[PDB]
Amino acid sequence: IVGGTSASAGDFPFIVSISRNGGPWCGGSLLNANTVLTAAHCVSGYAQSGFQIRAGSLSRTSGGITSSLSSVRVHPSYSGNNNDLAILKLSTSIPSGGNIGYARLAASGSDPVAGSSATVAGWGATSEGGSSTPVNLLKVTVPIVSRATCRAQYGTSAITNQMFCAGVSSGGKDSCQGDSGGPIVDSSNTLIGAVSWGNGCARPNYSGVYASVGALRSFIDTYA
């Protein structure tokens, strides 16, 4: 997260950190005791044995409850930047309670409205290409950017109806490398997306791009 602040205990109670080969990798959202939602690009094409999830801790390295993966399912239309969600099934169930909870999801057919406030969180770098990643969770608040504006930034075909955008025009606030897969929530605390892609991080005139839960809800519901 670039331009963010420290999360407090009990913020984002559904968030999980996801390590790969013992090192930082991405974020995700706990949907229920045995299911995590992340970005497809975090898991597609990699050995599943490399991953570990951690829930219930501000730290990505210690505390909380861990699990390995039992299975991975990517959206059936995932390709590159598009339809960038995956469902992970956990080998060890994680109960809600204390600083662990489950996400509430945006409705099928919903789309975030331009100018509304959203909050994104993760353990990614605090600068593009950053040489070290924080141990403790960060968060930042950014407004939704209309799909039309985002298409003017990236190209018409580049931003699909399964993506939405968020950021500040002058830059400075964004999700970054290592934040992929983690949650972006709306002003009701409903999970509206997962960190997906962008042109660098926090650049003026290049919004962060997020996979839309509303748009991909039927997939989520099938496998959650």
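What we label the rigid core is the largest C-alpha set whose atoms superpose within 1.5 Å from one form to the other. For every residue, the number given is its place in the sequence shown, counted from 1.
Where the structures in 8 other deposited structures of this protein are fitted on the rigid core, 128 to 136 is the one of 84 to 92 and 128 to 136 whose C-alphas sit farther from the shown form on average. RMS Cα deviation from the shown model in 8 other deposited structures of this protein, rigid core fit, is larger for 75 to 83 than for the other stretch of the pair 137 to 145 / 75 to 83. Higher mean CA temperature factor between 10 to 18 and 201 to 209: 201 to 209, per the PDB entry.
As recorded in the PDB entry, 164 to 172 is the stretch of 164 to 172 and 48 to 56 with the greater mean C-alpha temperature factor. Among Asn83, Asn136, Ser108, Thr119, the highest C-alpha B-factor in the deposited entry belongs to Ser108. Residue-level inspection of the entry shows that, of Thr38, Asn32, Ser68, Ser157, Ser157 has the top Cα B-factor.
In this PDB entry, the Cα temperature factor of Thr61 sits in the middle third of its chain's modelled residues. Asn189: CA B factor lies in the middle third for its chain, per the PDB record.
The deposited CA B-factor of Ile94 belongs to the middle third of values across its chain. For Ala114, the recorded CA temperature factor ranks within the highest third of the chain's modelled residues. When all modelled residues of the chain are sorted by CA temperature factor, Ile144 is found within the middle third.
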